[PDB]
Amino acid sequence: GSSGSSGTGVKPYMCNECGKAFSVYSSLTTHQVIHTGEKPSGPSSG
Ligand SMILES: [Zn+2]
């Protein structure tokens with residue numbers, strides 16, 4: 001999937017917490033979860 005020519009590429013759904021792009025809207029939201037962390041944790045990237 002996402003087979004094109006321009007390697008660089010580009011996607012509308014991009015995360016700001018870490019900086020990861022996606023080709024799906026839902027995927028972007030389901031991903032940001034890794035930053036939401038509703039429960040209290042220790043080791044966190046950002
Ligand atoms: Zn992210």
# chains A, B, ... in the order shown; residues from 1 in each chain; ligands from 1
call {"tool": "residues_near_ligand", "arguments": {"ligand": "ligand 1", "cutoff": "6 Å", "atoms": "only C-alpha atoms and all ligand atoms", "output": "ChimeraX atom specification"}}
result
/A:15,17-20,32
call {"tool": "select_by_dssp", "arguments": {"residues": "chain A", "states": "alpha helix (DSSP H)", "output": "JSON, numbers by chain"}}
result
{"A": [25, 26, 27, 28, 29, 30, 31, 32, 33, 34, 35, 36]}
call {"tool": "closest_residue", "arguments": {"among": "A:46, A:1, A:16, A:6", "to": "residue 29 (chain A)", "atoms": "only C-alpha atoms"}}
result
A:16
call {"tool": "select_by_dssp", "arguments": {"residues": "chain A", "states": "strand (DSSP E)", "output": "ChimeraX atom specification"}}
result
/A:13-14,21-22
call {"tool": "residues_around", "arguments": {"residues": "region 22-27 of chain A", "least_positions_apart": "2", "cutoff": "6 Å", "atoms": "only C-alpha atoms", "output": "ChimeraX atom specification"}}
result
/A:11,13,29-31
call {"tool": "atom_distance", "arguments": {"atom1": "CA of residue 36 (chain A)", "atom2": "CA of residue 21 (chain A)"}}
result
17.1 Å
call {"tool": "atom_distance", "arguments": {"atom1": "CA of residue 45 (chain A)", "atom2": "CA of residue 33 (chain A)"}}
result
12.8 Å
